[PDB]
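Only one chain is included here, represented as structure tokens and corresponding to the form deposited in one PDB entry.
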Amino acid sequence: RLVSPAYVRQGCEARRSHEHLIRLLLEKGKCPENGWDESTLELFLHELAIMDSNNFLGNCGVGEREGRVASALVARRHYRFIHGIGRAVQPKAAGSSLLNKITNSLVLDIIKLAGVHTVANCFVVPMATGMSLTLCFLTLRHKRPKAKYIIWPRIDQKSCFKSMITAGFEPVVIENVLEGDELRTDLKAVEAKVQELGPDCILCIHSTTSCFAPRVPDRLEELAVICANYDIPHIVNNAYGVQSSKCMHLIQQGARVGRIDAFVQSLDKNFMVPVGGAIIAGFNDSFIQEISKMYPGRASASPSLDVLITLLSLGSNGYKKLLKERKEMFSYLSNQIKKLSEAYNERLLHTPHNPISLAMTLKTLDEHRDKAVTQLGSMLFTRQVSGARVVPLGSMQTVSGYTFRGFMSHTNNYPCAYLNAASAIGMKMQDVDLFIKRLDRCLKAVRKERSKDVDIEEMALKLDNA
């Protein structure tokens, strides 16, 4: 095996083309335009992992947190990143620390590409959006120690509602105003509540962009002006709004004319990675760092690793293509539901200000007698349609002591029951066509039961009977 020096030359020159892509990533911190090949990616990950002390060849550990791993399956599935992330001259996990920095720089680049070009700082946190919102509220407590209220335009979603209560504050629920079919921000009620309670007693205004139709993204510009005038922090729930240029442009415009202290988005919903992580972003770099420093102890590196792999494999061109296809799939889904609803004397709710979610009416379904609105949601489930959300009339729900009327509808008395469908990133035409086909069959069976492909149906009938 005595190798020729040309072999060592060829072996060195072969690695240079890969190192060049790695050096460009490290120098400018931007997503590659075209995605890396898997070989470049895994070479990069292996070279980062060996920088952590637990992967040193001559390492000995006499501490209680040495990154020892009992299972080889566990070590390999994490690419030997064991020490997690957190934060100088004696780094125990220099590779994980570099992984954290690059990942945050890549996500910041995507956030600018997605529409918030003036974002100043962001970081990945391995908690989902709800806990990440809680961490924002926990940071604001020390800044506004006399504050106990969070003003919150109503959106029926348990995680973002619980985030305020888990943080130890009292939500002030601002009901929405019905304009046509849409539920929109009641700016008059928001400002009246600010004056009633007093700006010093308000921890922040907690607004939401991405949401289920017929709710639309909040009027962020007007809310940001209210927050700037009364010196009240503004925290935006942007859980799955990164994928929507409409939502991102609302955030940029809100920060331009007024105040947005932070906006939070889910990793899984915007980057097609496992549930578990989120991004906290903002326009004041010092404040965003303050939220980061509020986190006690080290944290999992697994969500950062997931989105690092994803963005390097997709590239900015790959992510742009997903954003374009999401818009095209939204138009296709909208046209298909419009065509289907006509056959059953239903209609697509008129919600032009919601760019992600759509709703079809269910007025022809008798829920009081036949409970067909509830039956529809079950039948769609047994036919393996996921994400189709059915909203009946008059649902009463208690969440952490607060009682919601008309729950899931974001208002006390919406005119009708309806069904939700959304065009989120990664959806294919097959998703739309199968959903339309199965929804058609479910509506037929509901109507047929009042007058008096195959294997999904055979198991559906058995589950429906059980």
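Shifts are known only where both forms have a C-alpha. Between two forms, the rigid core is defined as the largest C-alpha subset superposing within 1.5 Å. The first residue of the sequence shown is number 1, and the count goes up from there.
One more form of this protein, deposited in another entry, exists but is not displayed; see below.
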CA of residue 23, rigid core aligned, shift of 2 Å or more between this form and the one not shown: no
Large Cα shift (2 Å or above) at residue 444 between this form and the one not shown, core-fitted: no
Shifted regions of at least three residues between this form and the one not shown, judged by C-alpha displacement of 2 Å or more after core alignment: 1 to 14, 88 to 90
